[PDB]
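What follows is one chain in structure tokens, specifically the form deposited in one PDB entry.
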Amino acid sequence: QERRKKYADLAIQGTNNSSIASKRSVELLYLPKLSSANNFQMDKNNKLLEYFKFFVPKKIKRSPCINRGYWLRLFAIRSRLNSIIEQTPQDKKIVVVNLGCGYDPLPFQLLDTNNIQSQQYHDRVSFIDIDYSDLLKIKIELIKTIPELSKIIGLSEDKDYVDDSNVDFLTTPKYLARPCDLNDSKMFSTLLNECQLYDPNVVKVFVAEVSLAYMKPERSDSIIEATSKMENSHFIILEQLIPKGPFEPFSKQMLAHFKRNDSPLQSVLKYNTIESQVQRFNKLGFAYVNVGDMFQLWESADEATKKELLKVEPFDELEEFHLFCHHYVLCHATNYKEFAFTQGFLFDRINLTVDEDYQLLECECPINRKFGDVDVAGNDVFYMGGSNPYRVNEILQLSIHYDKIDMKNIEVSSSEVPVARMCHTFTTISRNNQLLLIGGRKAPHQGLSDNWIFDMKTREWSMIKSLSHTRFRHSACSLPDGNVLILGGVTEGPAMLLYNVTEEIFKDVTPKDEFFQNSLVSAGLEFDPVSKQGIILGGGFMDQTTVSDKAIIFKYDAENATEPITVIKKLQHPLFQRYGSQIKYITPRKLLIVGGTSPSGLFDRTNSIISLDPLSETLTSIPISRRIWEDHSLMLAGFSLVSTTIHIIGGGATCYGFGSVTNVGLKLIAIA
């Protein structure tokens, strides 16, 4: 009974172990590499200061996606506080009240007069830290026994001990620690009054950084409503969303992960979306709301900062990052009209016809790998490379049947073979007798330039001419003369290349259109020999921020030696703004568009897979049934399309350390 509550409470307190360690990972790897502009923590001699180290027992390392997300989380809270400190008259006291503070050293980072990067916080800002008693006991003991922390808040720095380890509160002029189980709304309301937070001459900033997330909506809402009664208050909440419901690919994994750790996300079940948070805050007494998800925060970072962030460590998991970012909200509310959400801080805030000719079915293809590539060489299908979860150079031969897909490994006969890789292309050439391997990467800082041909008959690999520039996440397609068009990728090389198979030559065929001034990463690409046209769909740019919302129609003149590729037409649509999608002509007048991720939001059952008639410029939805959406592991990242009917095979994703998901497999067939 009470054992259940105590256990639940301690499990929730334990989530702080994970977040503090992840923040420490960022302090270790990121902050030393970011200039004074976005360092958070530096002294007058340009030397980094550290605060998270006091609260974390070991060196910490996380995946690049996780680190990037935690830097973004640090930036989220700091940016909101900056907006308040910058606008509030400098004679006013500001009190930052951290609700479920865990071991977060933010107050120390901000109050430290050695930290020249927090100078605007040194004079009139105070802090109140609130968490469960048991957790605060530990935090306070650390504060009182660590000289650097004690000095910041004016305590004795000569003590490496405490008289009483059960003390769960702390009082100093600029920092209070106050125990409260936030599920006890009445105790919290009393606490606000004991701290005199009703004083209208004092600006309050309540922060709930993935803390209220663990509480039932009735309990978290009671806290929000209690703070609304304090004149001149802000409420900043940073927590999870499930914008498309609990069965969206990433959402499903996220909810299960938190449940398995006995710290379920309870409030998000009521507040699924950005709009639901606006309505929530309005109802609870905060009329003025500025809210967006984490990708909007990323887009808002200035260029210099973006440039540095990309250079901190190798990264190439943008689909995962899109998904993560759309699952976290940053909501900043106020209860007073005088506070302006200014330009630099402000967040900006369709029913397709259902296709009647084609439908989506399950069709198991447990190749269970991602970011390889595949092509058809006669009646046969060959998939090469990718990761599962480590990179391979293996070739699978696929035999496709209406109901399932058979697979066998192809033993190779040559002494030399291409290194294991992902994000390469693999394209049929040589009248269906060979397969061309272009580029790819090992780790993200290990883009490759070595190209190969695999001969099906002899099962021998041979290395051919290398690219002058490494290139991965490019797209490729076969042309009607048997040559191969190569588009974009992460590369310093030309935006578009043509590989002439017989001549063994690469040619820069970058079209004379301003669209091609920047390399396009993970775009859909296909060419139709019948209508003699091809399409480029979506694609990101090397800023890892911008994604094209264009479908570009182009044509190929084999007899033009200098300018064989020309743009015919550009179509623009929000559902074209995808990174890591694939496209395939179902018919000369019907292009299938599958998957990928978007910077503008999450795809759902109705728009993950759509179809475009490029001539008449019509669009339809190819809906994913409730059944397959809910009951099967879908994840349209790093997948491939094959047609002997189009099979959607391979793919998957690591969901921000909430577990991994493998795309099971789909098939698009004609409706009889």
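Only residues modelled in both forms are compared. Residues carry their position along the shown sequence, with the first being 1. Only the largest set of C-alpha atoms that superpose within 1.5 Å between the two forms is called the rigid core.
Same protein, other form: the form deposited in another entry, not shown, and the subject of what follows.
Task: Comparing forms between this form and the one not shown after core superposition, the one residue of 262, 302, 160, 481 displaced by 2 Å or more at CA - done: None of the others reach 2 Å, which leaves 160.
TODO: Spell out whether the Cα of residue 659 moves at least 2 Å between this form and the one not shown when the two forms are superposed on their rigid core.
DONE: No; that C-alpha moves by less than 2 Å between this form and the one not shown.
TODO: Take the rigid core as the frame of reference and indicate whether the C-alpha of residue 25 shifts by 2 Å or more between this form and the one not shown.
DONE: Residue 25: C-alpha displaced by less than 2 Å between this form and the one not shown.
- [ ] Would you mind telling me if residue 6 and residue 141 are closer or farther apart in that other deposited form than in the shown form, C-alpha to C-alpha, with a 3 Å or larger change?
- [x] Closer together, which means the C-alphas of residue 6 and residue 141 are at least 3 Å nearer in that other deposited form.
Open item on the list: At a change of 3 Å or more, would you call the C-alpha separation of residue 241 and residue 16 in that other deposited form closer or farther than in the form supplied?
Closed with: Result: farther.
Open item on the list: Can you give me the runs of at least three consecutive residues whose Cα atoms all move 2 Å or more between this form and the one not shown, with the core used for the fit?
Closed with: The segments that shift (3 or more residues, C-alpha shift of 2 Å or more) are 1-17, 159-166.
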